[PDB]
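Okay, so here's the structure we're looking at.
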2 protein chains.
Amino acid sequence: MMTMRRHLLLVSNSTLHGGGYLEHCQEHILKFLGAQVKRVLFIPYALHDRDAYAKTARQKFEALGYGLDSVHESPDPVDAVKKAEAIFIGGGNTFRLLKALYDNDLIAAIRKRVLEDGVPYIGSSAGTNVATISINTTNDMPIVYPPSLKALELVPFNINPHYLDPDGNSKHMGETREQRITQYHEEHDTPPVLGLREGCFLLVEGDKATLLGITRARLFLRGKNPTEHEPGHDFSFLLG
Amino acid sequence: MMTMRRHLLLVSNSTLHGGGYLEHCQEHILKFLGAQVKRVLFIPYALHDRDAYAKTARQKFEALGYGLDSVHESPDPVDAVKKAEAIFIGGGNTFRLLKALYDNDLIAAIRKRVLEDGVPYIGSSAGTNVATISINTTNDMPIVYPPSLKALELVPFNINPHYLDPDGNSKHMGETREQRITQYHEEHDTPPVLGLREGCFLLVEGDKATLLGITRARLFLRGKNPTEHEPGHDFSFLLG
Ligand SMILES: N[C@@H](CC(=O)O)C(=O)O
Ligand SMILES: N[C@@H](CC(=O)O)C(=O)O
Ligand SMILES: [Ca+2]
Ligand SMILES: [Ca+2]
């Protein structure tokens, strides 16, 4: 089971407006990884310029006291995952990210490292999407075609990051985020969808899940009214 | 070739705020279908309640002087397409729509009816997406998984419907529509992306294409600055 093995920090978004990269969650990253993790394995696949992405993430994690290895600089990404002390998958285009995880044979390897070996996993945004059962509730454009929407399944429910309340000033006739999720929940056997607004994130420790941050999360359950939850809320019931 | 065979009316959105279903484009529908088309074959697959969707579309098209058959009430959808005088694919969830076109074996049948038999095609929003080479530039959530993102290819370029200018009042850190398309244009061999704002639509007659409506279209070319185009603009250069 998961009880003493699963460690996830699932961030909705990397940056608050006017703030620094990972600044709003930097204390939680520090607590989550702890003092005994020396190096973090970064996965930059969600963005096109992997070199510049790794440089940005390395600057921040080195400022936090961690070395940073990018899997795109490893000659054997599978081996890099098998040796990682901690894994951070950054945001970007979720379809591009998931296809690249499949293309580099990393789905099973990351699953084993996190769920069986207890290696801590950080996701930001698209990296949070691929931590879930599937990317059915990403906001991103399908710029490439992954072989499946199934992802790492580190948790069995879906997440909608960057969750956005409807705009009352708006005459735009496109779907609201809630309307899009409602349509998902018309399809067969779909699981709960956790809408993490920007500024909030989910800490998973075994079979415990906790909302952290400074904003509310909107939970979408199939056939039910959406419910709103304050930082500190216990989401353990979403875990098996 | 296409010169005297292809007839498309590609609408960005069905309804102006405060207006009626297809009201803003109803005159163009009338000119496009003409007086000799008696019945329109409707494809409601983009929405979950196909019965209610067909009822809504039937009310409008009957008010415009056309009978309406919904392919979801046909016992052989392929045969219904082969006999259609005109085809209208309505908006909804583009992934759900495309998967259902594939599931009902309608991609080839619709392609033949439109491109070889000269049958007029109307798309609205998601129905405009599936008229293009692929649905890579839909705004919709991947609530189901079609076998491919390739669509009808009635035109060889991509369309982004409901195109939305960035919000200057907004502190939301999610991608702007332009940022999403730019990422598409980082992938290999991608074609032009026509951003149809709400209120504008594309009329295709053979190898001629014209912007119609009351709003501007933003054209995205790979590696180039986006360009803005007024109603009446000649987009024929996007066609082969
Ligand atoms: N593209 C987003 C993910 C999403 O909104 O689904 C990000 O990684 O920032
Ligand atoms: N879901 C939209 C299509 C899109 O925005 O891509 C519609 O059919 O209205
Ligand atoms: Ca991010
Ligand atoms: Ca529509």
Side-chain angles (χ1 to χ4, degrees), chain A residues 173, chain B residues 1-44 46 53-54 56-71 81 83-91 110-111 113-132 152 154-155 157 159 161-163 194-217 219 229-239:
Chain A
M173 296 300 278
Chain B
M1 86 192 87
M2 312 264 108
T3 305
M4 314 171 219
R5 270 201 191 91
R6 168 164 61 189
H7 312 277
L8 325 171
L9 182 66
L10 301 184
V11 168
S12 186
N13 67 296
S14 66
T15 309
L16 173 90
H17 194 102
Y21 180 65
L22 300 177
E23 181 173 0
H24 73 97
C25 53
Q26 69 195 358
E27 170 151 40
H28 294 280
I29 289 172
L30 284 158
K31 190 214 172 213
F32 178 70
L33 292 180
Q36 297 84 210
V37 169
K38 288 326 289 263
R39 301 193 70 79
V40 176
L41 182 70
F42 180 53
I43 304 192
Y53 202 7
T56 300
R58 180 166 295 110
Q59 285 216 6
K60 182 55 183 190
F61 276 81
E62 285 185 343
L64 294 185
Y66 302 102
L68 189 135
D69 300 307
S70 182
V71 78
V81 171
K83 288 164 176 168
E85 301 166 43
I87 301 168
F88 170 43
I89 307 198
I110 293 170
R111 270 201 110 241
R113 199 66 184 147
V114 175
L115 296 180
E116 301 179 35
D117 294 349
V119 166
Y121 178 101
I122 304 174
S124 192
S125 210
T128 288
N129 293 336
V130 303
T132 70
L152 296 171
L154 306 184
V155 293
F157 58 89
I159 290 175
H162 295 273
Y163 177 78
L194 186 60
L196 303 174
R197 291 194 177 75
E198 292 182 351
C200 69
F201 35 93
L202 194 74
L203 172 61
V204 177
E205 290 284 347
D207 311 288
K208 183 166 163 73
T210 311
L211 190 67
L212 304 172
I214 56 183
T215 58
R216 284 153 56 241
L219 175 66
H229 308 312
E230 296 292 333
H233 191 73
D234 184 13
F235 279 113
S236 301
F237 67 93
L238 296 175
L239 305 173

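In what follows, every chain begins at residue 1, and chains take the letters A, B, ... in the order their sequences are listed. Note that these values count all heavy atoms, side chains included, but never hydrogens, waters or copies made by symmetry.
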Next item on the list: Report yes if the side chains of B/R216 and B/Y163 come closer than 4.5 Å at any heavy-atom pair, otherwise no.
Entry: no
Margin query: So for atom CD, which belongs to B/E62, do other residues, nucleotides or ligands contribute more than 12 heavy atoms lying within a distance under 6.0 Å?
Written below: yes
Check: Is it true that a side-chain atom of B/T128 and a backbone atom of B/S12 form a donor plus acceptor pair closer than 3.5 Å?
Finding: no
Note to self: With a 4.5 Å cut-off on side-chain heavy atoms, are B/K60 and B/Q26 touching?
What the structure shows: yes
Item checked: N/O donor-acceptor pair under 3.5 Å between B/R6 side chain and B/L154 backbone -> yes
Checklist line | Partner of B/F32 under side-chain contact (heavy atoms from CB on, under 4.5 Å), chosen from B/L9, B/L212, B/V37 | finding: B/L9
Checklist line | From B/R113 atom CZ to B/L152 atom CG, the distance as rounded to the nearest 0.5 Å | finding: 14.5 Å
Note to self: Between B/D234 and B/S236 (side chain of the first, backbone of the second, donor and acceptor by atom type, cut-off under 3.5 Å), is there such a pair?
What the structure shows: yes
Margin query: Which heavy atom of B/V71 sits nearest to which heavy atom of B/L41, and what is that distance?
Written below: N-CD1, 3.8 Å
Checklist line | Atom pair OH (B/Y121) and CD1 (B/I87), whose distance is rounded to the nearest 0.5 Å | finding: 8.0 Å
Next item on the list: Please test B/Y66 against B/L30 for side chain to side chain contact (heavy atoms under 4.5 Å, CB included), starting from the C-alpha separation and ending with a verdict.
Entry: CA-CA 10 Å; B/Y66 302 102; B/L30 284 158; 4.1 Å; yes
Notebook entry, point to check: Going from CE on B/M1 to CG on B/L115, what distance comes out if it is rounded to the nearest 0.5 angstrom?
Noted result: 13.5 Å
Margin query: Has B/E85 got a side-chain atom pairing as donor or acceptor with B/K38's backbone, closer than 3.5 angstrom?
Written below: yes
Notebook entry, point to check: Would a 4.5 Å heavy-atom cut-off, applied to side chains only, mark B/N129 and B/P161 as touching?
Noted result: yes
Item checked: Check: B/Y53 side chain, B/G91 main-chain N or O, donor-acceptor pair, under 3.5 Å -> yes
Margin query: Using 0.5 Å steps for rounding, measure from the CD1 atom of B/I159 to the CG atom of B/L194.
Written below: 5.5 Å
Next item on the list: Find out whether B/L239 and B/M2 are in side-chain contact, i.e. whether some heavy atom of one side chain is under 4.5 Å from a heavy atom of the other.
Entry: no
Next item on the list: May I ask you to test the B/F235-B/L219 pair for a side-chain heavy-atom distance under 4.5 Å?
Entry: yes
Margin query: I'd like to know if the side chain of B/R58 reaches the main chain of B/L68, judged simply by a donor and an acceptor atom lying under 3.5 Å from each other, with no hydrogens or angles considered.
Written below: yes
Checklist line | Close side-chain approach of B/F201 to B/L196, heavy-atom, < 4.5 Å | finding: no
Check: Do you know the tightest heavy-atom contact between B/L16 and B/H24?
Finding: N-CD2, 4.1 Å
Note to self: So which atom in B/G90 and which in B/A46 form the shortest heavy-atom distance, rounded to 0.1 Å?
What the structure shows: O-CB, 3.7 Å
Notebook entry, point to check: Is there side-chain contact between B/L33 and B/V40, with at least one heavy-atom pair below 4.5 Å?
Noted result: yes
Margin query: Between B/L64 and B/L22, is the side chain to side chain contact (heavy atoms under 4.5 Å, CB included) condition met? List the steps.
Written below: CA-CA 10 Å; B/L64 294 185; B/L22 300 177; 5.9 Å; no
Item checked: Straight-line distance of A/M173 CE to B/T15 OG1, nearest 0.5 Å -> 5.5 Å
Note to self: Could you check whether any side-chain N or O of B/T132 sits under 3.5 Å from a backbone N or O of B/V155, counting only pairs where one atom can act as donor and the other as acceptor?
What the structure shows: no
Margin query: Would the distance check show the side chain of B/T215 and the main-chain N or O of B/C200 forming a donor-acceptor pair, the cut-off being under 3.5 Å?
Written below: yes
Checklist line | Close side-chain approach of B/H28 and B/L203, heavy atoms under 4.5 Å | finding: no
Notebook entry, point to check: Going through the distances and angles, do B/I89 and B/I110 end up as a side chain to side chain contact (heavy atoms under 4.5 Å, CB included)?
Noted result: CA-CA 11 Å; B/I89 307 198; B/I110 293 170; 4.2 Å; yes
Checklist line | Over 12 non-hydrogen atoms of neighbours within 6.0 angstrom of CD1 in B/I214 | finding: no
Notebook entry, point to check: Is it true that the side chains of B/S125 and B/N13 contain a donor and an acceptor less than 3.5 Å apart?
Noted result: no
Check: Taking the six-membered ring where the residue is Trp, are the ring centres of B/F61 and B/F42 under 6.0 Å apart?
Finding: no
Next item on the list: Say whether, by atom type as modelled, one donor and one acceptor occur between the side chain of B/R5 and the main chain of B/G118 under 3.5 angstrom.
Entry: no
